[PDB]
Amino acid sequence: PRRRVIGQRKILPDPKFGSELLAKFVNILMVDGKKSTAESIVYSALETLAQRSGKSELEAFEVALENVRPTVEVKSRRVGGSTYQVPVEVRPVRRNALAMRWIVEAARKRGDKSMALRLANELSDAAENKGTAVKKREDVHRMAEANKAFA
Amino acid sequence: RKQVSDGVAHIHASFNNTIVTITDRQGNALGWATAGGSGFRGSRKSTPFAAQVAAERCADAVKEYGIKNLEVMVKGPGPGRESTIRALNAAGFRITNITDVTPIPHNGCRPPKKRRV
Amino acid sequence: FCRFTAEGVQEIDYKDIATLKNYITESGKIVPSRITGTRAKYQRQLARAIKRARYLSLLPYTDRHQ
Amino acid sequence: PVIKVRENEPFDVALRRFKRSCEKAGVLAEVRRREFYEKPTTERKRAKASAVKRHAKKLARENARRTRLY
RNA sequence: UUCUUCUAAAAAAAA
RNA sequence: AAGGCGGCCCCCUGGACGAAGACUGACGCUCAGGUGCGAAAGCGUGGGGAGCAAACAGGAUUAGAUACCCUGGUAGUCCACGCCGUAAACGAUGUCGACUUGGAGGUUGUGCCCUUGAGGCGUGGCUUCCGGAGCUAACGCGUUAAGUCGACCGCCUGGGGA
């Protein structure tokens with residue numbers, strides 16, 4: 001806000017793998033405070049992702065995430081009479097937040113039976129460089145490219 | 001395409017657009033490109049990035065003449081006052097002389113009236 | 001810090017190109033009095049001399065006219 | 001404002017020298033001044049106002065140099 | 001860059 | 001004197017200021033009526049017309065847009081000779097003269113001391129800002145007065161109508 005930049009709050013890592021960003025992922029995925037249900041969904045999705053990828057769950061999750069992380073995004077400035085979408089580079093924490101949020105919102109729109117299956121399919125397509133999440137990534141990249149003139 | 005070693009680069013940098021034109025030492029144009037013709041229109045085409053892209057397009061459009069040395073004549077005020085010069089240096093040309101050729105009258109014709117915005 | 005009042009010269013001679021070149025910029029413009037520190041009377045005389053030289057083609061009007 | 005790049009000299013410092021030479025010679029200000037027509041009354045009033053500010057700031061500095069702020 | 005207008009009724013203290 | 005006057009050169013020409021004297025000897029100041037000069041726009045006659053630009057046309061903005069913004073564009077702006085005689089023609093302060101503390105400059109002469117370098121000490125003309133007494137409703141004016149006086153002229157008597 002205006003006066004003080006607050007200090008970053010700590011998050012304890014997930015029990016099964018001890019990862020910080022995976023714990024962040026389950027926090028993003030959770031709805032109505034049901035962390036246990038969210039944990040079951042992500043664990044099932046990772047366990048089937050391990051089979052489809054042949055790699056460990058952490059490495060597969062990370063390679064799937066890397067194809068969804070943006071590097072530049074547009075932010076409104078409006079110094080002129082119209083909306084100026086200025087492309088600004090994205091810091092890593094916000095990059096991870098955007099990637100995880102896009103993956104979750106894409107999985108919530110897929111039409112598969114379970115959320116675990118939806119998330120597993122979305123992660124596999126993301127690793128395979130396909131899907132609406134990476135489509136959103138290319139769209140924001142294309143917008144930042146088209147508006148690259150302002151800096 | 002008769003090869004030429006050294007040339008002159010005229011940058012007509014106006015407020016609404018910029019024109020880059022490479023030529024021989026006698027003033028016969030070889031190629032040209034503009035920010036308005038480089039896929040930018042309106043607000044975008046009056047920015048230094050559009051100007052540098054226009055400079056790159058013009059430098060690419062004069063490759064067949066094999067120019068190495070280049071002296072620059074800059075004319076007019078604009079955002080693309082120096083970005084085009086940077087893009088020309090980065091395109092592989094040896095900038096020898098930089099000159100400003102902006103025309104200023106010695107109290108000649110009467111300019112148009114002031115815009116009441 | 002006016003050189004002309006230091007030498008106490010009666011009037012500035014327009015044929016003295018060697019001294020006149022020190023009071024013009026590379027673009028051919030006249031350097032302001034407040035910068036070069038010349039007294040106003042000699043500044044006017046200097047301006048008249050520079051214009052007379054320009055008419056006589058001893059000095060350039062601008063650096064670009066060729 | 002002619003600037004001829006000398007041997008063993010970077011392009012960026014050459015560009016900086018050209019920019020410095022241009023702002024010394026005052027071409028940008030001159031073109032922006034002559035972009036539109038300015039009436040004799042307006043330019044006289046503007047020069048008068050400019051002189052007033054150029055004298056007032058000097059006097060203001062002279063008064064502020066005496067007193068203290070704490 | 002554009003961004004107009006609000007009719008017609010109020011009351012206020014006195015060593 | 002005011003309106004106003006900006007490249008350079010020549011011809012004709014008005015006013016102002018400085019230092020030493022010499023000269024005429026109140027010849028002076030103001031001025032109703034009168035006369036002359038008087039920005040810009042406009043008019044007549046004859047030229048000239050690049051840029052700018054009332055009117056006008058088209059394109060935008062808008063509910064509308066006979067405007068602001070954009071693209072063109074005619075009188076006009078320019079020259080010669082007359083007419084018009086008006087402006088926030090302003091310092092919103094009529095002209096002339098005398099007296100009343102000062103400071104920092106700008107511009108233009110001129111005298112003295114060793115110009116012991118572009119130094120120091122005076123004395124005139126024009127002009128900018130600050131400020132003391134005093135004046136003023138206040139803001140401010142303040143030796144270039146709106147201070148203290150004298151001579152003459154023009155003008156004002158509630159707002160609207162005007």
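Nothing in this text is a laboratory measurement; each read-out follows from the coordinates by a stated rule. Neighbour counts are summed over all protein chains in view; Cβ atoms, including those assigned to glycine, are modelled from backbone coordinates with ideal geometry.
Quick one: net charge of B:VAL101's neighbours, Cβ under 12 Å, K/R +1, D/E -1? Write down the numbers at each step before the final one.
Values: positive: B:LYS75, C:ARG64; negative: B:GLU71, B:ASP100, C:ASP63.
With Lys, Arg at +1 and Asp, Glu at -1, the net is -1.
What is the Cα centroid distance between the range A:93-151 and the range A:1-64, reported in whole angstrom?
If we compute the Cα centre of each part, the gap is 16 Å.
How shielded is C:16-29 by partner chains, expressed as the average number of their Cβ atoms within 10 Å of its Cβ atoms?
Details: counts 0, 0, 0, 0, 0, 0, 0, 0, 0, 5, 6, 9, 1, 2.
The shielding value for this peptide is 2.
What percentages make up the Cα-Cα pair-distance distribution of chain C when the bins are 10 Å wide from 0?
22, 56, 20, 2
For the range A:1-89, which trypsin sites (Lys or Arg not before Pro) pass both filters: DSSP loop (anything but H, G, I, E, B) and at most 13 other C-beta atoms within 10 Å? Present the calculation step by step, with values, prior to reporting the outcome.
Values: sites: A:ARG2, A:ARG3, A:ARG4, A:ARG9, A:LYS10, A:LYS16, A:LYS24, A:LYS34, A:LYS35, A:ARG52, A:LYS55, A:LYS75, A:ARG77, A:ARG78; in loops: A:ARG2, A:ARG3, A:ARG4, A:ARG9, A:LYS10, A:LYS16, A:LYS34, A:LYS55, A:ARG77, A:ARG78.
Loop-located and lightly packed - A:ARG2, A:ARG3, A:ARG4, A:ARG9, A:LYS10, A:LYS16, A:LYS34, A:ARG77, A:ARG78.
For chain B, modelled as a GNM with alpha-carbon contacts under 10 angstrom, which of B:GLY31, B:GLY78, B:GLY66 fluctuates the most?
B:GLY66
Modelling each spin label as a point 7 Å along the Cα-to-Cβ direction, I'd like the A:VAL79/C:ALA6 distance in nm, to one decimal.
4.7 nm
If only Cα atoms are counted, what is the Rg of chain D, and what is its Dmax, in Å?
Cα-based Rg and Dmax for chain D come out at 20.1, 56 Å.
Using each residue's phi in the range A:8-25, evaluate 6.51 cos²θ - 1.76 cosθ + 1.60 at θ = phi - 60° and report the 3J(HN,Hα) Karplus result to the nearest Hz, with x for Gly and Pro.
5, 7, 7, 10, 7, x, 5, x, 5, 10, x, 7, 6, 5, 5, 5, 4, 4
Distance check, please: which entries in B:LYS75/B:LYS114; B:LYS68/D:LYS19; A:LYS148/D:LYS24; A:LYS148/D:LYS19; B:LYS113/C:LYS41 exceed 27 angstrom between their Cα atoms? Show your work: numbers first, answer last.
Numbers: B:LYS75/B:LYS114 22 Å; B:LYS68/D:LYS19 24 Å; A:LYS148/D:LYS24 32 Å; A:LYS148/D:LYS19 25 Å; B:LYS113/C:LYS41 37 Å.
Check vs 27 Å cut-off fails for A:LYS148/D:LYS24; B:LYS113/C:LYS41.
What residues from the range A:28-62 fall in the zone where the backbone N is under 18 Å from a label point 7 Å along the Cα-to-C-beta line of A:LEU12?
Output list for this probe position: A:28, A:30, A:33-40.
Against the longest principal axis of chain A, how steep is helix A:35-53, in degrees 0 to 90 to the nearest 10, with axes from Cα atoms?
80 degrees
Take the alpha-carbon centre of the range B:9-38, take the same for chain D, and report the distance between them in whole Å.
30 Å
Give the calculated FRET efficiency between D:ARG46 and C:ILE35 to the nearest 0.05, with a Förster radius of 22 Å applied to their Cβ-Cβ distance. Before the final figure, lay out the partial values.
Numbers: r = 22 Å, r/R0 = 0.99.
Once rounded, the FRET efficiency stands at 0.50.
Scaled to the compact-protein estimate 2.2 N^0.38 Å, what is the alpha-carbon radius of gyration of the range A:69-145, rounded to two decimal places? Before the final figure, lay out the partial values.
Working: Rg = 14.7 Å, N = 77, 2.2 N^0.38 = 11.5 Å.
With N residues counted in the range A:69-145, Rg over 2.2 N^0.38 Å equals 1.28.
I want the local charge near B:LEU30. Using Cβ-Cβ distances under 15 Å, sum +1 for each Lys or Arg and -1 for each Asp or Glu among the other residues. Walk me through the numbers on the way to the answer.
On the way: positive: B:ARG1, B:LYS2, B:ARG25, B:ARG57, B:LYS63, B:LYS68; negative: B:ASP6, B:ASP24, B:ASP60, B:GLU64, B:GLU71.
Taking every other residue near B:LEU30 into account, the sum is +1.
As I understand it, the value is the acute angle between the Cα axis of helix D:11-25 and the longest principal axis of the Cα atoms of chain D; what does it come to in degrees, rounded to 10?
40 degrees
Where does each of B:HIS12, C:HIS65 land when they are ranked from fewest to most other beta-carbon atoms within 10 angstrom?
On the way: B:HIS12 18, C:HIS65 7.
Final ranking by Cβ density, sparse to dense: C:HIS65, B:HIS12.
If you take the square roots of the eigenvalues of the alpha-carbon gyration tensor of the range B:4-117 and sort them as a ≥ b ≥ c, do you get rounded (a/c under 1.5), prolate (a/b over b/c) or oblate?
Details: a/c = 2.33, a/b = 1.45, b/c = 1.61.
Here the range B:4-117 falls in the oblate category.
Would you mind classifying the protein assembly as shown by shape? Square roots of the alpha carbon gyration tensor eigenvalues, ordered a ≥ b ≥ c; an a/c under 1.5 is rounded, otherwise it is prolate if a/b is larger than b/c and oblate if not.
On the way: a/c = 3.28, a/b = 2.09, b/c = 1.57.
Judged from the Cα gyration tensor, the protein assembly as shown comes out prolate (a/c at least 1.5, a/b above b/c).
Grab the other residues whose beta carbon is less than 14 angstrom from that of B:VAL53, score K and R as +1, D and E as -1, and report the net.
Values: positive: A:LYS148, B:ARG41, B:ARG44, B:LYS45, B:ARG57, B:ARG86; negative: A:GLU145, B:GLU56, B:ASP60.
It works out to a net charge of +3.
Check A:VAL72: other-chain or 5+ apart residues with amide H under 5 Å from its amide H, H built from backbone geometry?
Amide H neighbours of A:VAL72: A:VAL90.
Restrict the search to the range D:1-45; then list the GluC sites (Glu not before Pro) that DSSP places in a loop and that have at most 11 other Cβ atoms within 10 Å of their Cβ. Don't skip to the end; give the middle numbers.
Values: sites: D:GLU7, D:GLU23, D:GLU30, D:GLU35, D:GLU38, D:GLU43; in loops: D:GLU7, D:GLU35, D:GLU38.
Of the GluC sites (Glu not before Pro), the ones in loops of the range D:1-45 whose Cβ has at most 11 other Cβ atoms within 10 Å are D:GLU7.
Give the whole-number value, in cubic angstrom per residue, of the convex hull volume spanned by the C-alpha atoms of chain A. Can you show the working numbers first?
Working: hull volume 22.3 nm³, N = 151.
Roughly 148 Å³ of hull volume per residue.
Run the reach check for A:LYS16 against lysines, Cα to Cα strictly under 21 Å, same-chain hits fewer than 8 apart removed. What comes back?
A:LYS24, A:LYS34, A:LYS35, A:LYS55
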